Structure formats: C-alpha cells, structure tokens
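Colleague: part one of the complex, left exactly where it sits:
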Amino acid sequence: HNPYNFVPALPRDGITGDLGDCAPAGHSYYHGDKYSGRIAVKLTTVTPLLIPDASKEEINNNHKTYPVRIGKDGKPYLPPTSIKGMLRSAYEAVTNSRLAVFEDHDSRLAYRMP
Amino acid sequence: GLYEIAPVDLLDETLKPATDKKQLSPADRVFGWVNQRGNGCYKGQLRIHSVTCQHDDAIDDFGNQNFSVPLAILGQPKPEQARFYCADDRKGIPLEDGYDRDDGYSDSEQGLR
C-alpha cells in the first residue's frame, strides 16, 4: 500500500444547515440553543510518537539529530498545537469543510514526456 | 512539459480557503480562521489545554544518550505525480490507468484528490 491516500473533498454547492457556510455563532454570550463547556480527553499512543525538539537539534556533516522534546517537569511535552492540527484535519475530513491551508499551486505543474 | 491547467483552478470555489466572513465553513467556525488575502478573521470556538504525560519514564532512550536511530527518507511531496494527486472528477475519482501523463491536469471538470 502507498503510505498516503486522500479522502475525497466533495464540492459543497447547495450544502445547507449547519454543514453549510453560515455567519459565526460568536463569542458574546452563551446561546440558549448551543452548548459550551469543558471536555476531558485521554490520549494513549499505539505506535511510538515522535516529538522532535528542533531547538535542541545537532548537526554532523549536515546530518541532523533530534532529541525528544521535554517539559519543565522532565516528562515528554506534547505541543497542543500538534494535537490541534491532528484533530482539525480529521475534523475537516469528517465534516468535509473548506480546506484551511492551501499553498501556491497557481502555476502549472511540470512533467516530462516519455 | 507543462500540464495545461494550474492545480488551484481544479479546486471548487466552495472548497478553497475561506475568503469572506459569511462563507466560514464548519471547521473554520469551530477552529477559527484568518483571511490570507485581506481583512477578515475569527477566533476559534475551541481551546486545547492542560496537556500532561501521565507516566514518568515515557521516553524510550534505547539505552544510552549517545545512541540515535537513523530514520528512512522523509522526502518532499511531489504533486507532479498526476496519477497520484489528480482526480478525474471533482468528487475525487482516481484517474484511469494506462493513459499518458498529459491526461492529468487537463480539463476543468477534472478535480483534485
């Protein structure tokens, strides 16, 4: 198996309701029809997890070495941004939202003839 | 050679990154959004916080700190591989086998995977 695939982003023309585009619910107050609060989540790893601290990287012959990032108590520190980007991309998939991060892609790509 | 269409032009306008305050899709509302092209932003409705490791000896030092394992080749993605990255329809249908490369980014009714 090729180690990557794609989930198909469907074009969202005529998507209505909450899965469609809407003016945002906003922060100014808690709405009677909408929910707020705190969710407790436990994460446990199944394959090993890489969390390289580039601030501590080391160089030999331009080959690079990274230690595991650690926090002020000496435990491995997991950047919540890295959790966020994981969850967001999974959320973007199962909600089929707009794709939040798209780079240049505006020039024609090149290829070679046989 | 060049494929005749730039990949951004195969993507549906409703899927492209949001460009106004009204077209904020669900993930943009929950997680927040910033317009890359102009004014416009929204603070996400969500915060992740209080991350802790529960265990203490969680780090697999393989035995001594001078050891370090070498790790594959994390090559750069190369979307020139049209038979991988291009979609035969904007529903993400994979391209047909056997055709030449030129068939790739070739019609506006093509899509992206």
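Modeller: Now that the structure is in, tell me what you want to look at. Residues are numbered from 1 along each chain as shown, chains lettered A, B, ... in the order given.
Colleague: packing partners for the helix or strand hosting residue B:28?
Modeller: Following DSSP states H and E, one finds residue B:28 within helix B:26-31. On a contact count with 3 or more CB pairs under 8 Å, 6 or more residues apart in numbering or on different chains; DSSP states H and E, helix B:26-31 meets helix A:80-95. Bear in mind the C-beta positions are built from the backbone N, C-alpha and C, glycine included.
Colleague: What is the burial count for the residue of chain B found nearest chain A?
Modeller: Of all residues in chain B, the one sitting closest to chain A is residue B:92 (2.7 Å; CB to the nearest CB). Around residue B:92 there are 17 other residues, counting by other CB atoms under 10 Å in any protein chain shown.
Colleague: again with residue B:46
Modeller: Counted with other CB under 10 Å, residue B:46 comes out at 14.
Colleague: next one: residue B:28
Modeller: 21.
Colleague: Find the residue closest to it in space, skipping its chain neighbours.
Modeller: residue B:18 (5.3 Å; CB to CB, 6 or more residues apart in numbering or on different chains).
Colleague: hang on, that neighbour packs against residue A:99?
Modeller: No: at 9.7 Å, residue B:18 does not count as touching residue A:99 under the criterion of CB atoms under 8 Å.
Colleague: Mind checking which of the two has more residues around it?
Modeller: It is residue B:18, of residue B:18 and residue A:99, that has more neighbours when counted by other CB under 10 Å, with 25 against 18.
Colleague: ok, that one - contacts?
Modeller: Listed by CB atoms under 8 Å, 6 or more residues apart in numbering or on different chains, the contact set of residue B:18 reads A:98, B:24-25, B:28, B:33, B:35.
Colleague: Kindly incorporate the sequence below as chain C:
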Amino acid sequence: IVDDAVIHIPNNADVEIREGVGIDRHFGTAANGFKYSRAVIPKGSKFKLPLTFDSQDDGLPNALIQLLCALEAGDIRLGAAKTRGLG
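Modeller: Placed with the earlier chains, chain C looks like this:
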C-alpha cells in the same frame, strides 16, 4: 506648593512603548481601528517630592500628616491609565 520634578529614568533604561488593542466581543479578534500604542515610563524611575507648605499657625495640619502617610503607603495613583495597569 508643588514644584515640577524631572524623572530620572534609571541607568541603561529608556521609555517603553506598550501596545494596546481592542478585541471585538463577537469575533474575539482585534476590532477595526481600536489599536493604540501607549508610551510609559518604566517601573522604578525616581523623581523628587517637590512640596513646600506655609503654616499660618503652629504645628502641622493633621490632614496633611495623613496625606504623607498615604504617600508612604503608596496609596495615591498618578497620571493616566490609573485603572488599567499604571500610575
């Protein structure tokens, strides 16, 4: 009588600039135009207490004694932004 007092900003120190911004209570983001950049004297700058007092009767007025205690307590705020960090 209250003379002017020049502020001795300490050694190797200079006026700081604070940034200030308004957050739109709906979107949670910087509100259009509501940005400002207040200059401030850094903490620990010194200046002379410049008071003089003329008494037409004997002793020192009791309320004026209270005021000096309030200054030793540091209870009196001065300048702008008194509610919001400074002074």
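Colleague: quick recheck of what packs on helix B:26-31 now chain C is there?
Modeller: helix A:80-95.
Colleague: Give me the helices and strands touching the helix it packs on, please.
Modeller: Using 3+ CB pairs under 8 Å, 6+ apart, helix A:80-95 is in contact with helix B:26-31.
Colleague: which residues touch the helix it packs on?
Modeller: A:18-19, A:22, A:24-25, A:84, A:88, A:91-92, A:95, A:97-98, A:100, B:18, B:42, B:44-46.
Colleague: and those, which of them are in helices?
Modeller: Judged by DSSP state H, these include A:84, A:88, A:91-92, A:95 as members of helices.
Colleague: okay, now residue C:23: neighbour count?
Modeller: Neighbours of residue C:23 using other CB under 10 Å come to 13.
Colleague: Hmm, residue C:35 and it touching each other?
Modeller: No: with contact defined as CB under 8 Å, residue C:23 does not reach residue C:35; the gap is 10.7 Å.
Colleague: which SS class is the closest residue to chain B within chain A?
Modeller: Nearest residue of chain A to chain B, counting by CB to the nearest CB: residue A:8, 2.7 Å away. Look at residue A:8: counting by DSSP: H, G, I helix; E, B strand; the rest coil, its state is coil.
Colleague: now do residue B:77
Modeller: Classification of residue B:77 using three-state DSSP returns coil.
Colleague: how much space between it and residue A:110?
Modeller: To residue A:110, residue B:77 is 15 Å away according to CB to CB, to the nearest Å.
Colleague: Now do the phi/psi pair for residue B:46.
Modeller: Main-chain torsions, residue B:46, degrees, to the nearest 10: phi -140, psi 140.
Colleague: let's bring in RNA strand D now:
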RNA sequence: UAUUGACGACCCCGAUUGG
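Modeller: Adding RNA strand D to the chains above:
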C-alpha cells in the same frame, strides 16, 4: 521501435487592524 543511471533534499514566517 524504447531505450540511457541514479541521484536529491525543501520550507525560514504568511495575512490584517495602526487609532
């Protein structure tokens, strides 16, 4: 008619409000 060989790293902040 389809052969010729094997190498190589990349991104370094971006968009906006400035009273």
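Colleague: The neighbour count of residue B:92 with RNA strand D there, same question as before?
Modeller: 17.
Colleague: and residue 31, what does it touch?
Modeller: Looking at chain A here, since you left the chain open. residue A:25.
Colleague: Hmm, no, I was thinking of chain C.
Modeller: Counted by CB under 8 Å, 6+ apart, residue C:31 has contacts C:21-24.
Colleague: and the next element down the chain from the helix or strand where it lies?
Modeller: Residue C:31 is located in strand C:30-36, with elements delineated by DSSP H and E. Downstream of strand C:30-36, the next assigned helix or strand under DSSP H and E is strand C:39-40.
Colleague: returning to what we had before: kindly format the C-alpha coordinates of the strand holding residue C:31 as PDB.
Modeller: Provided in PDB are the C-alpha atoms of strand C:30-36 (Å, rounded to 0.1, in the frame of the first residue of the first chain):
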ATOM      1  CA  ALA C  30      -8.800  42.900  17.000                       C
ATOM      2  CA  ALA C  31     -11.600  45.400  16.400                       C
ATOM      3  CA  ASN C  32     -11.000  47.600  13.300                       C
ATOM      4  CA  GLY C  33      -9.100  50.700  14.200                       C
ATOM      5  CA  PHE C  34      -9.200  50.100  18.000                       C
ATOM      6  CA  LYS C  35      -5.400  49.800  18.300                       C
ATOM      7  CA  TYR C  36      -3.100  52.200  20.200                       C
END
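Colleague: do that strand and RNA strand D meet?
Modeller: Yes: with CB under 7 Å from any atom of the strand as the measure, strand C:30-36 is seen reaching RNA strand D through C:30, C:32-36.
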